[PDB]
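Right, one structure below, let's go through it.
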Ligand code: SF4
Ligand code: SF4
Ligand code: SF4
Ligand code: SF4
Ligand code: SF4
Ligand code: SF4
Ligand code: FES
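Protein chains in written order, with the numbering used here: chain A, 181 to 307; chain B, 599 to 968; chain C, 48 to 238; chain D, 488 to 631; chain E, 23 to 176; chain F, 282 to 1018.
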C-alpha cells in the first residue's frame, strides 16, 4: 500500500519533533536502535527514509521517559508507537489518508505530542 | 646412486641396470591428516583440495560424502548432478596432464600445445562457477556453495562440442605410433593387468575393479563404460586416454538431467539459513552467528566411503566425537599406495625407460606425502 | 557378497561386532588371536586390497579399552574371479606401554604398517623395514603431541594464537557456556 | 670512491643491466608448481620458491641456494612459501625467508600466472633500486 | 601479456574490499565473524562504539581496526561468506606482490571500495605521479561488489 | 539415597535432589535458563520441562528445576512430545528478541543462543520463524553503574539478577517494573550501591547486564583465557583473566566451591584498569641526579657498585603484600644467609595471623554463631556473601557428577534471615550489621575493652554482654576479626578467647600474609619493619611511607609502576609484574594454598622478584637455590607445604607490639588506591558515628587534602581515612589547607 510509505514519512517527522523538543527543552534525545532490516540489508533494495527505528527522550541519568518506535518494513500490522516508561501508558499511531496521523480517531499533532512529551517529562524525569 | 626424479621425490637404486629401488618420500608432508583435527568440518573443505591438486574435486567430494552420511544430510537432486559434472570435469583436468607429460617424453609437441589449452579451458570453466582456478571451495556438506552462473552451461558446450573427437586423435597418436618402446617390462602384474594400475594397484590387483561402478557409492547411474585392459606400460598410458572418452559421455549424460531447484540441504542444523532473511530471521541470526563461529556437531561415530577412482580408489575415514572438529581424519590417498608397486614396476628393465615407468603410475606427491 | 557373511557368521562366537548406521561394519579382534585369525582371513583371502588407519583414543569423550587402536580394511576385489565386493574393517586395540602388533605384510600393506610407526607409535614387530615417510623426531599424530603452530602476525603488535582463538569445540570441551551441551552434543537427521 | 657520481652512475648502470639478465630458476613443490608453469609461454640466479616447503625439504632448498652465484634473488610464490600458508604445523616451514632471504613475496594460492609475472617485475624494479617501497625507505637490491 | 590486461571472470577471488551502503555508511559493524571463519587466521579485528554524531556504521558498533595478513590468506571465500552484512567481499585486484613481510597486511584504509589500486600499486604510483593502470578486466562488476570501480569494459 | 531412572540410565542420588540435577547427574540435558548455581530454583522460563511417571505418566510436563525426585521415578527427556515442547518454549523466548548477535557483546558465550541452536527448531521449506509482528522495542544500552554494568533492557525474563541481589549481597537494587509483555528491569538506587554488583554480569544468560569495564573490546572466543587467583585481599577468590594482544580486557569469576564460591567483589572484578595501562618497562637508574633507563646488565653493575662499600651490614628486605610463597621463601633464606637482617611484608600485622588457627569457609557455614569485629564487607568482601548463606542456615550442597547443583531445592526465593546468629563490632554502622541483632559501633583502636569483657574479666556495653552470653551458649562458633589485629594489646586476648572455646578468620590487610608468615618473612627481634625505617641498604617491593626512604643510603625499589616517591628517593628501580602476570603460589586467609598463573599481559617483560632478589643477592654474596620456578618448588615441597588446594597448618606464638596513637583512622576498604583509573576513577579516591565533630572547616562533600605518614591524598566528607592495601592503624593528623 501507499499507506506504508506515508507511515514512515510520518515516523521521520515524529522523530524530527523529538529532536526539536530535546534541544529546545534541554533534555537529551537519543537514537536507541536502527532497523536490523537495514543493518543486515546487503546488496538488496531499500528506499525507506531513515535507518532509525527506536528513539527516545531520556532524563539526566538516562532513564527514558518517552519511547517512540515504528515497525520495520518487513513486519505486519504496521504502526508507530509511543510508550511512557514506568507508567503503564502505550500509544499506537496509525496512518489515514486525508485525516493523517491518528491515535484512533484523534489526530497526533506536533502540539499534542509536545504536550504529551511535556507531561511525561514533568512527572517521570528522575534528574 | 641417490636421485631426485622430476616430481619432488627421492629414489635410491643400487642397480647397475635395475635392482632394488628404495623410494624416500615425505618431501611434501604437510600434516593435513593432523591439522584438520583442528578445524571446522566446513573449514576442512578448503583443506581437501590441496592434496591431489589436479583432480581436487575427488577429495572435496569423498570428504563431503563421509560427513554427509555421518550426519544424515541429503543432497538435492540438482546438486548431485553438479557434483559429478564438476567431479568428472576435473577428472579430465587430471588426465589432461598425465597425457601431457606422456606427449613430451614422446615428442608430439604440436599436440601438447593443445592438451594444455583444453586444460586451461576446463579451468576457465571453474573460475566461472567457483571463482578459483583450483581448490575451488564449492562442494558444501549439504550440496554446493551456490548455484552456477548462466554462463557456465553454454561455455561447457563449446568444450563439449570439440573433445568428443579430440580424444581419438590422442589415441590415434599413442596407439598406431611407431614409438613402440612403450611395451616396457613395467608389468604392474603382482596378480594381473593394467586395468588396476589404472585404478589402485595396492598389491593384489584386478581388471575391472572400479570402485565407482562396484561399491557404487554416490551418484552413478551411467551406462559409463570402464576402460580396463591387459599389457602394462603401453596401456597405463592408453587406458587413461580411454577413461577420458566416456568420462565426457558422463558430463553430457548428467548435463541432461539438470533441472533447476535447490542446491543444498535446507536442514537448519546442517546448513546456514538463507542469508536473505537475517533482516527478520527468528534469530536464524543465532543460527547463522553460531553456524559460522562454532560449526555443527555430527554424532559420535566412525565412517568412511571409497570414492570415485579419481586416479585411484580414495576415501576419508573421519571420526566424529560430537564436536565441531573431527576427532581424527585419515585420507586413503591412492598414489601413496600405488607407489609401492613402483619398486617392482620398474624392477627389471633399462634405466632410460625408468622415467615413463613412473609417470605411468601417475603419482601425485601432494597426494602421497599428504 | 557371501564371503562377508561367512565372516561374521563364525566370528559371531567370541568377537564383538561394531556396526554404524552407514554401510561401514567392522569386527574387533583381541590381541592374541589376531595374527592367526587375520591370517585366517586369507581364507578365500579377501584379495587383501587392505587399507589401514591408526587411531589414538586418548582425549576422546567416551573411554575405550586401550589408548591406541588400529583398523584394517580387507576386501575381495570385484573385477577378479571370486570378487563379489565383500568389504569390511577389523580393529585391534593396542596397550599404551606395550605398543606392538604383528605385521600383516603376509602387493601388501608395506607402507601402512610403516605409516603408523611413522606418525603414531605403533611399532609392529615383524617387518621388512620400518622406513619413515615423515621426517625425524618424536611421533606427531598422537593427541599429546603439539600441533606446533605459530601465532599469525599483524601490525601494531596484535597476534592471534589459534589455540586460544578457535571458536570450534573438541567433543571433550565443555563449551563456552558453563558446563553444557544439547542437540549440539552430536546430531544426525532422522531417517 | 663509493658514493661519487662516477662509481654511482656505474653500479646503477650495471644494475639496470643485471636487471634484464635475470634467469628464473623455478624450484616448485606442490600445487603452486603447476600454476607457475603457465608462465612458461615461449648458470642460474633468481630462484623462485613455489609451494609448501616441507621441513625435510628445507635443508635441500638451502644447499641449492648456497650453490648459486652471489648476485641472486628469491621470490616466494604464494602462501605456503611466503607465510606458513594455511598450514601452521610441525610439517611445514613458517616462512621460506627463514632459510633463504626473500626479495619479493607474492600473495597467491595459487596466484594467477600473471600474479607471478608482476612479481618478477617488482623484483626487476628492485634489483635496479628504482624501487624502494614501504615506510618511505630505500630498498637494497639484494638479500644479504 | 603484461601490456594487454587480463580478462578474469567476475566472481574471481581477489583483493578483499569493504563495501558501503548508498547512505555512505560502512556496511561492516565490527563483528569478528569473518575473522572466526578464516581457516588460516589471517584476520584481526578490533571494534569500537559508533559516535552517536558523525557515525561510521549503521549499528552501535563499527570496526575500529580491520586487518588481513594477505600472506597467510588463502583466498577462500569463507569470510565473505560468513559476513552477515555483505561488507567484506572479494575484489578483483591480484597484482600485489611486495617486498617487506609486514607490509602485506592490508588495513581498512587499504581495502574500502573508494580505494583503487593495491598497496604496492598505489605506492610506486605515488612518486610516479602517474595513475594506476590495473592489469585486469571483467565482463561486469559482481552484484555483491556494487560500488567497486574497475575496467568494466569487459 | 533415592534411585531414579532418567532415560535408560539409572542413578543413586540423595533424597532432596532436583529432577534437573538428577538429569544432569545421569549425564543428560535440558534447557537451563532461569535456574542458576547458588540461586533459588523457581518456575519461570518453562524450559527444563520433562515428563515424569511412576508406570504412570504424569498428566502434564514438570519443571525439572523445581521438581523434587522420588524413589523409583522415571524422567524421560527425549520423547517426541518433550522436544516439541522445548522447541516451543524457545520459540517463545525468542519471539520478542531483537537480532543483535553479530553486534551483541555476548558473543558465542550466550545461553539463549546455545539453547536455541541446541533444542531450537523442531521438525518431524524449513520455517525459521513464524512470528511476523512488531517486536518489543524499549531502552537499549543505558549504563547502570557509570562504572560497569551496561544493560539492554531487551532480555528474556529470568530472574537470576534481581533474585541474586536479594539473596547474595542482600542489597536489592534491581527489580521488574510494570507487568506483562511490558515488564522490564529498571532501578531506583542509581549507582548500584552494593559491592558484588559485578556478578550479575556473569550470571545474566544474555546481552542486557553486561560488563562495561570491557564493552566492545573483543569477541568472547577471541579472548585468551588465563585462570588464576585474585590477590587483592586474603580470600583469594578464583578468576579468569581475559587478555588479547598483550592487554588486559576483562575479569570473570572462576567457580571454586571450596573458597570463593563463584562470586567476585567489584573491586577485584573491575579493578584491573591499572595493569592494563601506564606501567614501567625498563629499569631506571639514578645517574646525573636524575632517573634514566638502563639495561638489566647495567642496572646490575650500578647495583653491585652501590653495595660495595658496605657488605652484609644490616641489609633490609621488604616484600609487597601480594608476594608469592616462593618470593617469600627466597627473601627469607637470603636474609638467613645474610646474617644481618630484618625483613617484612608490605603490611605485616603487629599480631601474626598465624596466632589464630585457620578457619574454613566450609566450616563457617556449619558454625553455630559468628562474633565479628571488623566490617567484613571491606576486609574480606566475600566473607559477606558467605555469611549471606550463613544467616540463611544453608549448608554445603551435595556434589553430583557435575559438581555444584543447578537447582538446589534447599534454596527458597526470599528466605528469612536469622539476626541471632551473628554479632558485629566495628567503628561504624557496618553493612553486615543489618543481619546482626547483637551489633555495636565503637571507637577506633578500642577493640580490647570489648574482647576483655568478652573474656569475662570486666564490664562492658549491654551488647558486648549479649555477645558474651551469646558466645557462651554457642557450641562450635567462629571468630572473625581483621582490623584490630594490629593492636596486639587486643589480639593477645583475641587468642586467649578462642583457646578457651574454636577456629578464626583473620581478615589481614595484606593478602597471602598467612603465607609469608609461614615463610618467616618477619623482622623477629631487633630491626626495622616495613613502615618502620632505620636499616640501611634496602629492597622495597612496594612504596613504603616517605619517612622510610629518608635517611637510607642506598635503595632499590622493585615497583611495577612509577610512584613519585621512587623518582625522588630511590637509587635503582626495577620493573616488576602484577600478581596478574606472576607464576606462583598463595596462602589464603583460611590457610588454603591457592595457585597463581601468568597472563600474556604486556609488561616491559622485565623479570619478577624471584630473579631480582636472586640478582641483588649476587651483589651481596651467596646465591640461594632460587632462580627459577620449577626448581624453587622443590624448595617449598621441602618444608612439607600442602600443594594444590591444600590447607597448611602452622601456628606461631610471638608478637611485636608497636602500638600507635593519633586522631586519624585508616578505615579498611575494598578498593585499593592503585586502582583509581578508567571507570574505577571515582570508586577509589577517599558518616555520623565516631566522635571528632564536623566543625573543623570540613564542608559536606568538599574536596580536601590530607597528610599522614603514609602520604598525601585528597578526599571529601572523609569520615576517617579511605585507604589502600595493608593498613588500619591510627596515625598523625594533617588536613593541609
Ligand atoms: S600456496 Fe596454495 S597453491 Fe601454493 S602450494 Fe600452498 S596450498 Fe598449494
Ligand atoms: S579468503 Fe579465506 S584465508 Fe582469506 S581472509 Fe577470507 S577466510 Fe581468511
Ligand atoms: S567484515 Fe563482515 S564479518 Fe567481518 S567484522 Fe565486518 S561485518 Fe563482521
Ligand atoms: S543476547 Fe544472545 S541471542 Fe541475544 S543478541 Fe545477544 S548473542 Fe544474540
Ligand atoms: S537482565 Fe539478565 S539476569 Fe536479569 S532478568 Fe534479564 S535476562 Fe535475567
Ligand atoms: S573478595 Fe578479595 S579475592 Fe575476592 S575478588 Fe574481591 S578482592 Fe579479590
Ligand atoms: S523453568 Fe527455568 S530452568 Fe526450570
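For each residue, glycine too, the CB sits at the ideal point set by N, CA and C.
Proximal chain D residues relative to residue i, where beta-carbon distance stays under 9 angstroms
{"i": "residue 55 of chain E", "result": "Here the premise fails: no neighbours, minimum Cβ distance about 18 angstroms."}
Neighbouring residues, chain E, relative to residue i (Cβ below 9 angstroms)
{"i": "residue 578 of chain D", "result": "Under the 9 angstroms cutoff, chain E gives no residues; its nearest Cβ is about 15 angstroms from residue 578 of chain D."}
Residue i in three-state terms, based on DSSP
{"i": "residue 653 of chain B", "result": "coil"}
{"i": "residue 554 of chain D", "result": "coil"}
{"i": "residue 996 of chain F", "result": "strand"}
{"i": "residue 852 of chain B", "result": "helix"}
{"i": "residue 1019 of chain F", "result": "Given that chain F is displayed from residue 282 to residue 1018, the structure contains no residue 1019 of chain F and the question cannot be resolved."}
{"i": "residue 503 of chain D", "result": "helix"}
{"i": "residue 669 of chain F", "result": "helix"}
{"i": "residue 586 of chain D", "result": "coil"}
{"i": "residue 853 of chain F", "result": "strand"}
Interface residues of chain F facing residue i [CB-CB closer than 8 angstroms]
{"i": "residue 207 of chain E", "result": "With chain E covering only 23 through 176, there is no way to say anything about residue 207 of chain E."}
{"i": "residue 821 of chain B", "result": "The premise fails here: residue 821 of chain B is roughly 33 angstroms from chain F at the closest Cβ pair, so nothing lies under 8 angstroms."}
{"i": "residue 213 of chain A", "result": "379, 418, 421"}
Neighbour list for residue i in chain F, Cβ cutoff strictly below 9 angstroms
{"i": "residue 626 of chain B", "result": "Result: empty, since nearest Cβ-Cβ is about 33 angstroms, beyond 9 angstroms."}
For residue i, the residue or residues it bridges with in DSSP
{"i": "residue 541 of chain D", "result": "D:579"}
{"i": "residue 505 of chain F", "result": "F:524"}
{"i": "residue 601 of chain B", "result": "B:609"}
Residue i Cβ short of 7 angstroms to ligand 1 heavy atom set
{"i": "residue 539 of chain D", "result": "yes"}
Where residue i meets chain D, residues with beta-carbon distance less than 8 angstroms
{"i": "residue 203 of chain C", "result": "Simply none; closest approach about 14 angstroms."}
Residue i: contacting residues in chain A (beta-carbon distance under 8 angstroms)
{"i": "residue 51 of chain E", "result": "219"}
Check: residue i C-beta below 7 angstroms from any heavy atom of ligand 6
{"i": "residue 545 of chain F", "result": "yes"}
Cβ-heavy atom distance, residue i to ligand 5, below 7 angstroms
{"i": "residue 484 of chain F", "result": "yes"}
Contact list for residue i against chain C, beta-carbon separation under 9 angstroms
{"i": "residue 595 of chain D", "result": "Ordered by position in chain C, no residue passes the 9 angstroms Cβ test against residue 595 of chain D, which lies about 18 angstroms from the chain."}
Contact list for residue i against chain E, beta-carbon separation under 7 angstroms
{"i": "residue 223 of chain A", "result": "108, 165, 166, 168"}
Chain B residues whose Cβ lies nearer than 7 angstroms to that of residue i
{"i": "residue 516 of chain D", "result": "606, 626"}
{"i": "residue 104 of chain E", "result": "890"}
Closer than 7 angstroms: residue i CB and nearest ligand 7 heavy atom
{"i": "residue 313 of chain F", "result": "yes"}
Residue i: CB within 7 angstroms of a non-hydrogen atom of ligand 3
{"i": "residue 883 of chain B", "result": "no"}
Return the chain-ordered ranges of every beta strand (DSSP E) run that is complete within the stretch 621 to 695 of chain B and spans a minimum of 3 residues. none
My parser needs the alpha helix (DSSP H) runs of 4 or more residues fully inside the stretch 730 to 817 of chain B; what are they? 750 to 757, 766 to 772
Could you pull out every unbroken alpha helix (DSSP H) segment of at least 4 residues lying fully inside the stretch 97 to 164 of chain E, listed in chain order? 100 to 104, 141 to 150
Run through the stretch 542 to 588 of chain F for me and flag every whole alpha helix (DSSP H) of 4 or more residues, listed as ranges in chain order. 547 to 551, 554 to 557, 577 to 588
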